[PDB]
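Presented below, as structure tokens, is a lone chain in the form deposited in one PDB entry.
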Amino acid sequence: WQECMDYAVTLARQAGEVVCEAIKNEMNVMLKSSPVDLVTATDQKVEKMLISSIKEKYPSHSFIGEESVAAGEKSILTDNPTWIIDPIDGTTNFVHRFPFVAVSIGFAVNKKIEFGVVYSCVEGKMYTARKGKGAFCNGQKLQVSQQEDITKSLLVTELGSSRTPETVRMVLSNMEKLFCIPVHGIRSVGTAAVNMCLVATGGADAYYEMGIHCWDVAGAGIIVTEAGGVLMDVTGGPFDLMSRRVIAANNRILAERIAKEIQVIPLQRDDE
């Protein structure tokens, strides 16, 4: 695994260089499933780069990538060394030049995540973690916050990709329950990976969301657990990479409390 990991880091860093030049040029903005689900030619270009480079040195391995699944590929995770890639987490941010866009590379062996690389381009911050070895941002070790009281916590979440009134009302209703506990506040920078990395640095205490996909959270989940945090399903049960739901918190006390307060939204899983 370490050989794979340091290749992943040189790859994440050059894919990030591509994204950072592209953000300052004109862009072709295209639509995937709706007027608000967006893709650009840079997304597709970076995933092609990443998957071809990895196949070259590791032909035996599997790949789950956002744009590949958009081009009809499948997201079923098997025990084979799988690379789970999102070339640009933050495409809406990227299109707008809102300054938070990340490349996320997650690696799973036996359906368990072994390492994660998340590179935030505009900030120039590389976050990395390998199981048992700690979580880092540009060499500095990270640790989650120590907060255990929900009325003193700062949470991060997103409003989601749907615009169906009933799903939207459920998202907002869940934000209302949390907000009125009361919590100190809720933030949204626009990318699931960066939201989870801010939890790993201790800047936020918890992140929760329903509607994400495995490629958005694969790389950052292990940066959270290796910074001392916790991953959990919104049922309060164990985290399932393919279920489209995640609570990533500094500790089990806040995660359980968030799960107790929010209601599950119906969604198709990534392996269905």
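Residues carry their position along the shown sequence, with the first being 1.
Keep in mind that the form solved in complex with a small molecule is missing from the display, and what follows is about it.
Looking at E114, you'd find every heavy atom of it more than 4.5 angstroms from the small molecule in the entry with it bound.
Although the partner is absent here, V118 is not a contact residue: none of its heavy atoms lies within 4.5 angstroms of the small molecule in the entry with it bound. At the 4.5 Å threshold, heavy atoms of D205 stay clear of the small molecule in the entry with it bound, well away from it. Of the heavy atoms in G228, none are within 4.5 Å of the small molecule in the entry with it bound. This chain is drawn without the small molecule; in the entry with it bound, the residue among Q147, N174, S75, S161 with a heavy atom within 4.5 Å of it is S161.
Of the candidate stretches 184-192, 75-83, 166-174, 147-155, only 184-192 has residues with heavy atoms within 4.5 Å of the small molecule in the entry with it bound. By the 4.5 Å heavy atom rule, the three marked residues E66, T91 and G211 all count as contacting the small molecule in the entry with it bound.
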